[PDB]
Amino acid sequence: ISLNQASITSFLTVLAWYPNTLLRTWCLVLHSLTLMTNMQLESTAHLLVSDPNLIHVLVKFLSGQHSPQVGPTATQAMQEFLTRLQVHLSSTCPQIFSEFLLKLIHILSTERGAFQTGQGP
Amino acid sequence: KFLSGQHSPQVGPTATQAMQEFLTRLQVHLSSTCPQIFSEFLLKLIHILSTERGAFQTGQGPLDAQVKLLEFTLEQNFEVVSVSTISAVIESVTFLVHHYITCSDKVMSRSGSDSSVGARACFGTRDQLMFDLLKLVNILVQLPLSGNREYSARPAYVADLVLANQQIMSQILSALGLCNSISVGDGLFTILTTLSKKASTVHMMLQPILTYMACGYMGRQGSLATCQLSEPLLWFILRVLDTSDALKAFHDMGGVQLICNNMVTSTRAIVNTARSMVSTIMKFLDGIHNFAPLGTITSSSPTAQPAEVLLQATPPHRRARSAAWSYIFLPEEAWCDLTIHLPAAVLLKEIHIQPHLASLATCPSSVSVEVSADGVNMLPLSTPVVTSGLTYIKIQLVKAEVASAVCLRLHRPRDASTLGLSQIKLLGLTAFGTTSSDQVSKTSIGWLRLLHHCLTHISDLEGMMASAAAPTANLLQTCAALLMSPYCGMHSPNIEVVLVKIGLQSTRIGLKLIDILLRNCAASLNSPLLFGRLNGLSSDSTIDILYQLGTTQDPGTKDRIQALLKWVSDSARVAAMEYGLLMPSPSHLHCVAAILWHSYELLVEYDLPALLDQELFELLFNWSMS
Amino acid sequence: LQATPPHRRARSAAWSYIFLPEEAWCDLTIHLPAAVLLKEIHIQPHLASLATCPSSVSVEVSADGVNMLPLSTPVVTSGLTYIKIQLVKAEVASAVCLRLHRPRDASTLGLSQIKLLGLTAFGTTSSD
Amino acid sequence: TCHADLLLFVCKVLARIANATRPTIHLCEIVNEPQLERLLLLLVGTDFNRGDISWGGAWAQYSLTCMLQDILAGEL
Amino acid sequence: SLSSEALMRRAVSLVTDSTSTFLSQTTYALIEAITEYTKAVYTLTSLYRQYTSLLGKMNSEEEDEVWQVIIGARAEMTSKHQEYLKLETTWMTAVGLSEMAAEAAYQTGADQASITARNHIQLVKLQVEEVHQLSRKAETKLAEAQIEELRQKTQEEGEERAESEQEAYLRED
Amino acid sequence: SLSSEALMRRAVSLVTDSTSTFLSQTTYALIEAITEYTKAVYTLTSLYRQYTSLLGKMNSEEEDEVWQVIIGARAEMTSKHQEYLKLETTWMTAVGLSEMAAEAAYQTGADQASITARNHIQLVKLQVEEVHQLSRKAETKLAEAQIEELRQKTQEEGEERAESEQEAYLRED
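All residue numbers are counted from 1 along each chain's written sequence and may depart from the entry's numbering; residues that have no coordinates are not represented. Chain letters start at A and ligand numbers start at 1, both assigned in the order the entries are written. Any value reported refers to the chains on display, which are one part of a larger assembly. Remark: hydrogens and water are excluded; side-chain values derive from all non-hydrogen atoms of the structure.

(A) Focus on the overall build of chain E. In this description a helix means any DSSP run of H or I spanning at least four residues, a strand means any run of E spanning at least two, and both kinds are numbered starting from the N terminus. A count of helices and strands for chain E gives 3 helices and 0 strands. Ordered by position from the N terminus, the helices and strands of chain E form the series α-α-α. On the principal axes, the C-alpha backbone points of chain E span a range of 100 × 25 × 20 Å. The buried label goes to any residue with under 20% of its type's maximum accessible area, the exposed label to any with over 50%, and the partly exposed label to all in between, with areas taken from a 1.4 Å probe on protein chains only. Classification of the 173 residues of chain E by burial places 39% in the buried group. Put simply, 81% of the contacts in chain E that link residues at least 6 apart link residues at least 24 apart. As displayed, chain E offers around 10000 Å² of accessible surface, 53% of which is attributable to carbon and sulfur atoms. The charge count treats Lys and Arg as positive and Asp and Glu as negative. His and the chain ends do not count. Charge positions are represented by NZ for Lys, CZ for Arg, CG for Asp and CD for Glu. Looking at chain E, you have 17 positive and 30 negative side-chain charges, and the mean spots of the two groups are 8 Å apart. Should any heavy atoms of two residues lie within 4.5 Å, those residues are counted as being in contact. Note that accessible areas follow from Shrake-Rupley with a 1.4 Å probe, and for residues the cover is restricted to the protein chains shown.

Structure follows, in structure tokens:
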């Protein structure tokens with residue numbers, strides 16, 4: 001089942017504002033995004049990385065009686081998602097993915113970011 | 001910064017006591033000269049902490065210190081506090097609590113010592129904080145307002161601003177609708193009760209309720225979209241509808257049509273989960289039950305000791321010196337996994353893991369539960385549960401999930417290289433069989449309970465309500481369906497009162513009601529259908545209704561009696577040769593006879609004998625002899 | 001406090017605390033005869049019943065032995081067979097108050113031994 | 001007026017019949033666009049699902065999902 | 001293997017009867033120390049009555065010597081309490097052994113031995129709970145004597161306090 | 001009472017030696033059953049090797065009889081597997097019993113008895129795990145022989161199946 005550009009944009013927007021995103025929801029989101037990068041829509045990966053909402057989404061994910069961790073499965077899904085982004089962008093435009101990574105890490109590291117406050121998985 | 005924060009997030013009694021000591025001194029020094037700035041500071045403080053990405057919303061910071069601050073705030077006097085900040089905190093706090101209830105975790109794991117009441121539980125940790133915030137909101141809405149409505153006084157109230165605020169009211173009412181029968185739900189219910197008491201006019205309180213009842217999830221529209229009801233919210237609405245003035249106002253604003261329209265629509269939008277003759281047939285073909293013994297438990301580590309002993313229904317003796325199962329962690333391993341495959345999918349409700357009580361140091365520090373409905377694609381239920389220091393691991397799924405496999409990922413103990421387990425239980429239900437052991441929220445009955453209260457609570461207004469309720473299409477067909485459905489939170493006699501009062505408020509619907517009970521009860525992809533029920537079926541309820549229609553003395557009585565006799569002749573005629581005619585209920589025929597008998601002995605004011613012509617009598621004789 | 005620890009298999013906790021239903025923290029104040037340069041605090045839980053091990057420990061230190069000051073936020077201690085709290089910066093301490101949090105899954109807190117390791121200003125014990 | 005327990009068997013029978021025919025019946029041959037949209041909205045729609053409360057219960061949700069998956073697999 | 005299972009069943013009957021005798025001796029030692037505790041409890045009860053009879057300011061060579069004897073009684077009671085608690089911990093270990101033996105008896109098929117084990121376990125546990133009831137009886141009467149001593153002591157205390165307030169009011173006020 | 005506690009200690013010594021007797025007996029029965037299982041394992045292994053030598057039509061009047069014998073061997077081996085696994089369950093029951101007995105010993109200060117029991121448990125467990133090693137080698141060798149049987153059967157019957165397809169193509173097509 002192939003979603004269109006509007007569908008993916010709506011998905012990312014909802015995720016950006018979705019307030020109640022629990023861990024199973026996050027695993028679903030990451031698995032779905034992984035599969036979406038594999039869709040033939042401009043490649044879908046470029047659409048995802050070019051969207052600021054993707055950074056908003058991953059920042060929320062990494063910003064978080066349960067342990068703060070997410071467990072190997074959720075973490076493995078996040079790694080799998082990033083790996084798919086990297087693979088699809090390698091042959092066409094990896095600078096935006098790398099720029100995305102640094103922008104992601106920058107946002108997480110800025111004051112009141114995930115790293116500074118020691119929050120998130 | 002102080003309240004926003006391997007160490008525990010708490011600060012301990014000493015640091016927490018210092019914050020209370022600090023705040024108390026502020027309060028004392030400001031009491032005799034200017035306490036309003038201190039309260040504004042607290043509310044501004046609480047607002048900042050509650051705003052999105054604030055301390056409370058993200059669950060950050062010392063919970064003990066935050067709760068102590070919240071407990072301290074609840075004892076303060078909020079007179080002469082600007083309305084801007086009060087509305088800001090109420091908006092922020094209600095949004096937060098609505099967020100908390102909607103964002104509740106999927107699984108639930110408490111220690112045996114803990115006996116608190118869940119947030120989604122009424123009329124009885126972060127839960128205490130949310131409840132503490134809700135207590136604060138209740139205090140604020142009761143504050144009288146100054147002459148110019150810009151500061152708290154010392155007869156209007158902040159409740160009017162809250163009630164006049166559509167977003168705040170939507171959050172509170174939608175939030176309470178996710179609760180079920182002191183906890184957070186009590187706080188929402190108390191606040192809503194408080195709003196009703198302080199509302200300037202009954203219309204102020206009713207409009208948010210009616211607005212919520214007029215929309216679906218998050219204010220959505222649509223043919224089949226209807227608001228979520230719950231016993232606490234439904235109980236509250238009934239309290240709101242307790243007076244004649246409120247009921248008159250509810251009627252005047254289209255409330256009765258709204259709830260009646262909702263019942264028809266919501267009844268279309270639900271499938272009965274009550275067990276039916278299909279479940280009985282499965283039983284004829286031969287609280288939760290442990291399916292772990294039936295399953296096979298494996299691990300991804302080739303070197304793990306076989307864990308089948310864990311699945312055995314009988315646990316080992318609590319003082320057994322050797323853990324039934326033990327796992328030796330490689331120096332680089334943090335998680336071990338145990339995959340339980342069940343022979344068939346079950347409605348999983350709890351997972352019990354028993355650590356080796358003799359050596360609790362080998363208990364896993366945390367457990368990550370993944371559930372697979374198909375048993376192939378595991379999906380984490382929630383973040384790992386902290387399990388160090390637990391003699392018993394009870395992981396309760398708030399929403400039971402279909403699960404054919406359960407993967408337990410156990411974290412290496414804090415202070416041991418070996419993980420020792422005694423038993424694993426997978427409790428749940430099957431689809432059918434012996435092991436297959438809030439209705440208002442899951443059925444359309446809540447609308448009918450509202451409709452019944454309107455019709456019966458104040459007799460003097462009954463007529464008006466019936467007149468407003470009768471017109472709606474498919475209302476009677478739906479109420480008959482709810483009458484003949486298995487008990488779903490409303491006893492049949494109350495449904496009978498609704499049907500009788502609706503059918504008796506005018507002759508036209510009495511004929512329709514009689515036809516529905518005797519001839520055709522089906523509705524007249526979004527349209528109501530009510531195809532599920534046989535025509536003309538009789539019960540104690542239907543028989544009583546037909547008797548009540550026949551023996552009630554009013555202008556329409558004659559016509560109704562005629563209809564009954566018509567159905568008799570039609571039935572007899574059809575017998576001599578639409579389902580209600582093909583299979584006339586013997587109980588209803590006797591009910592028609594009893595109606596005729598008791599009408600004769602009551603000296604009715606219409607010509608009963610004229611209706612009993614010889615041709616009908618001959619038909620009955622021919623029928624009976626056949 | 002005894003210098004000689006109980007047997008590692010001592011089947012009964014040397015000391016136990018029964019928690020009232022409303023009590024979350026129990027406190028143990030060790031007053032020393034004179035101030036010492038405290039460097040570590042060792043707490044030995046009852047190994048036979050770890051369910052009675054405190055869930056967390058809040059260490060307060062008083063150089064004068066009167067005004068206690070928390071060293072840091074409570075340390076999570078559930079699931080630990082041995083509690084070793086090392087002070088990164090040695091502190092002069094004439095009293096040490098250990099606040100032990102109720103265990104997660106037990107109403108009684110069982111302890112075996114508490115060691116206050118450190119140095120004196122002078123004497124034999126005065127050993128970038 | 002209908003019951004979830006019957007729904008489970010309706011879904012099972014639907015899937016089995018779909019996968020039983022020699023030219024397996026495709027979901028497009030069974031439904032038209034409004035019907036399929038309503039079918040999926042039963043599973044995912046907020047007018048039929050209210051979070052913890054799902055249309056027909058967990059068993060109905062699972063049976064519908066299984067039927068849809070079986071029909072698709074027969075197609076694929 | 002006829003001989004193997006037959007002998008193994010017989011051996012589990014030996015474990016069952018040994019563990020039964022052991023648990024009996026353990027119950028007897030437990031009962032002994034419980035009995036000594038009970039004795040000390042009744043002694044402390046009588047000593048509380050004595051001290052109550054000596055309440056109010058009188059010969060300390062009576063009042064506080066009875067108090068000293070009360071301290072001795074308390075030490076006796078507490079030490080015997082600790083010892084019977086050690087015995088009772090071992091007794092619960094013995095119960096656990098007997099239960100594990102009954103399970104071994106099932107797994108081998110010495111269900112007659114398993115049944116006899118269960119019977120002995122129940123008889124022992126019953127009698128133990130009975131002597132526990134005797135202990136609770138003694139402790140309840142001790143608590144009653146404590147309550148009487150409290151009523152009397154507090155009465156005298158408050159009376160003296162009132163009088164001391166009045167005597168302080170006699171002066172400078 | 002030192003005499004009371006000493007008699008207690010000797011009672012626990014009795015429990016410890018009776019549990020060591022039962023544990024020894026269960027170990028001996030287990031070792032026997034493990035041995036006979038291993039016998040059936042190596043037998044079935046050799047039988048599979050023979051059957052592999054008889055694969056194909058070369059001697060059907062032998063292949064079918066070695067097959068039947070292999071069925072009887074499978075039945076014997078599997079029934080003995082279940083038997084010795086119940087026996088090993090009882091053995092682990094006895095080990096747990098002897099450990100709880102050492103626990104009672106340490107409690108009563110019969111440390112000599114506790115250590116004797118512990119060393120008995122270690123000796124027994126080592127000898128058990130030695131016969132278990134022999135059983136696991138035998139099972140590995142049976143698995144390997146079965147694997148080679150499956151390879152040879154699938155190869156020879158695969159070539160015969162290809163030949164059957166070719167032979168169907170030789171005629172009428």
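(B) Representation of the pairing of strand β3 (residues 56-62) of chain C in the model. Residue and element names in this part refer to chain C. A large share of β3 lies buried, amounting to 7 of its 7 residues. Pairing between strands requires that DSSP locate at least two bridges from one strand to the other. Strand direction decides the pairing type here: β3 and strand β5 (residues 75-76), joined by 2 bridges, are antiparallel. Across the sheet, the residue bridging to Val-57 is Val-75, located in β5. With 6 bridges joining them, β3 and strand β6 (residues 83-101) adopt antiparallel strand pairing.

(C) Region of the structure containing the packing of aromatic side chains. Stacked, edge-to-face and tilted labels apply to pairs of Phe, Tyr and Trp rings (six-membered ring for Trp) whose centres lie within 6.5 Å, assigned for plane angles under 30 degrees, over 60, and everything in between, in that order. Summed over all chains, the structure comprises 17 aromatic pairs over all chains. Centre to centre, the rings of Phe-38 of chain B and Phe-72 of chain B are 5.8 Å apart; their planes meet at 75 degrees, and the pair counts as edge-to-face. With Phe-38 of chain B in helix α2 (residues 35-50) and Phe-72 of chain B in helix α3 (residues 63-73), the pair connects residues that are 34 residues apart, well separated along the chain. Among the residues examined, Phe-38 of chain B registers a relative accessible area of 5% and is labelled buried. Given a relative accessible area of 4%, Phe-72 of chain B falls into the buried group. Ring centres 4.9 Å apart and planes at 35 degrees place the aromatic pair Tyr-37 of chain F and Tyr-84 of chain F in the tilted group. One end of the pair, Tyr-37 of chain F, is in helix α1 (residues 2-53); the other, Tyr-84 of chain F, is in helix α2 (residues 60-108), and 47 residues separate them in sequence. Comparing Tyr-37 of chain F with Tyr-84 of chain F shows no difference in burial state: the two are buried. Joined through ring pairs, the aromatic side chains of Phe-123, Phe-189, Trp-235 and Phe-236 of chain B make up one cluster. Its guanidinium or amino end placed over the ring of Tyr-106 of chain F, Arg-9 of chain C lies 4.6 Å from that ring's centre, counting from NZ or CZ. Geometrically, a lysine NZ or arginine CZ counts as sitting over a ring once it is within 6 Å of the ring centre and also within 35 degrees of the ring normal.

(D) Quick peek at the interface of chain B and chain D. Between chain B and chain D, the residue contacts involve 43 residues of the former and 26 residues of the latter. Note on definitions: buried area is the accessible-area loss of two parts on being combined, 1.4 Å probe, summed for both. Summing both sides of the interface, chain B and chain D together bury roughly 2800 Å²; the carbon and sulfur share of this comes to 63%. Contact with chain D buries area across many residues of chain B, yet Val-271, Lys-399 and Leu-525 of chain B alone supply 20% of it, more than any other trio. Any carboxyl oxygen of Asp or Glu within 4 Å of a side-chain nitrogen of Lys or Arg constitutes a salt bridge here. At the junction of chain B with chain D, the criterion picks out 2 salt bridges.

(E) Examining a nonpolar patch on the surface more closely. Taken together, the side chains of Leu-534, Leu-537, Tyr-579, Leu-582 and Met-583 of chain B make up a nonpolar region of the molecular surface, amounting to roughly 470 Å² of accessible area. Mapped onto the fold, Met-583 of chain B is located in the loop between α23 (579-582) and α24 (586-602). Think of a patch as exposed residues, more than 30% relative accessible area, with no salt bridge, where like charges cluster within 9 Å and nonpolar side chains (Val, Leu, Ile, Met, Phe, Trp, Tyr) cluster within 5 Å.

(F) Expanded view of the pairing of strand β4 (residues 325-328) of chain B. Residue and element names in this part refer to chain B. Taking every second residue as pointing to the same face, the buried face of β4 carries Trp-325 and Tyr-327, while none of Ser-326 and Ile-328 on the other face is buried. With 4 bridges joining them, β4 and strand β10 (residues 418-429) adopt antiparallel strand pairing. In the sheet register, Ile-328 faces β10, and the bridge partner there is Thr-418.

(G) Examining the side chain of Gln-113 of chain C more closely. Residue and element names in this part refer to chain C. In this fold, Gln-113 is placed in strand β7 (residues 108-119). For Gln-113, a relative accessible area of 5% corresponds to the buried category. Residues adjacent in sequence count toward polar contacts only when both atoms are side-chain atoms; beyond that, a polar contact is any pair of N or O atoms within 3.5 Å, and within protein one must be able to donate a hydrogen and the other to accept it. Within the local environment of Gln-113, its side chain forms a polar contact with the backbone oxygen of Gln-2, the two atoms lying 2.7 Å apart. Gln-113 has contacts with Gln-2, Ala-3, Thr-4, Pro-5, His-42, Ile-43 and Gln-44, leaving out every residue within four places of it along the chain.

(H) Structural context of the arrangement of the chains. With 8 pairs of chains in contact overall, the contact-richest pair is chains B and D. You won't find any contact between chain A and chain F; their C-alpha atoms come no closer than 34 Å. Regarding chain D and chain F, which are not in contact, the minimum distance between any of their C-alpha atoms is 27 Å.

So far we have only geometry, and geometry alone does not tell us how the molecule works.
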